[PDB]
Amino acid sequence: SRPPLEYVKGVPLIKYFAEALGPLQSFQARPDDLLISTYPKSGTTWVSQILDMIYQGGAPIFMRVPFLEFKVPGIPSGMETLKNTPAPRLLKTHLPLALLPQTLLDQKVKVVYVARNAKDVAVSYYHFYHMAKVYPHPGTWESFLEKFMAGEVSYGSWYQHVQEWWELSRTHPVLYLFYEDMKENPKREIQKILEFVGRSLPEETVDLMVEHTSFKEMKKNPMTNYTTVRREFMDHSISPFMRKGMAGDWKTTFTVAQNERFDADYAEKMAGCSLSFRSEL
């Protein structure tokens, strides 16, 4: 019923996910866990499918890759789904570093992080707010854009999220990937994931993973497109989860006025950062 967001340590989150944090400090990480970390709508489902295939030598995605802080009225908790989970475990989270279960850092769990350009994230997040009913109603795109720029959306600021994890990468095992690089050359990025997780697969098998993990395929696959969930939960008729999967599509939504204001605000928040994003390709 589109419940307002709950702030936690300065971070606004889905009411339910906020409640799920208590049961969350009990969580104990294993040395062989693989943590998939991302700001919302940055390629989480995409890299999850890739990692899952890899872990199977080549049920829906949300069952195979437990969502750490997950929790919803008529659905099993993220930590629940993780109980019936044998090692090695693939985990998923969008949690900022201030809310991340300390155990993951203490065990040096390998992290595959994916960052996506902020403009495409914003548009993708606006449409998701519409279809996923656990989120407060977004309002107009104009108002949502403002909330997104002020980090007044679920999981907080995108600017801080991509920067903190980028910095964490200096003293913690982290493979920091870019949604755009994955778009441009999927095989290249999958090979980087294989090497990073200490695995190898014949060229032929990787080429097959590239075909099956393409937007087109993943949009048909009911195990990856989230269509098996209930309508009053996610209304694919409003906006499909597998919306467009493009890089640079934000140009058909941002007005010139909004783009000018966003860029100015951006340069100001990404000043001292060495992170470089490309909004096209």
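One rule holds for the numbers: they count along the sequence shown, beginning at 1.
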*Unmodelled deposited residues between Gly58 and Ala59: none, 1 to 3, 4 to 9, or 10 or more?*
4 to 9
*Stretch with the higher entry mean CA B-factor, where the candidates are 220-228 and 27-35*: 220-228
*Tell me which of 111-119 and 168-176 has the higher mean C-alpha B-factor in the deposited entry.*
168-176
_Just to confirm, going by the entry's C-alpha B-factors, which of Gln191, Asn84, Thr93, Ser157 comes out highest?_
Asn84
_Residue of maximum C-alpha B factor among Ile75, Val162, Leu145, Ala98, per deposited coordinates_ = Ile75
*Please place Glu184 in the lowest, middle or highest third of its chain by C-alpha B factor as given in the entry.*
middle
_Per the entry's values, where does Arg64 land by CA temperature factor relative to the rest of its chain, in the lowest, middle or highest third?_
middle
*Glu195's Cα B-factor: lowest, middle or highest third of the chain?*
middle
*Select lowest, middle or highest to describe the third in which the CA B-factor of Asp263 falls within its chain in this entry.*
lowest
_Quick check on the deposited entry: does the C-alpha B-factor of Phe241 sit in the lowest, middle or highest third of its chain?_
middle
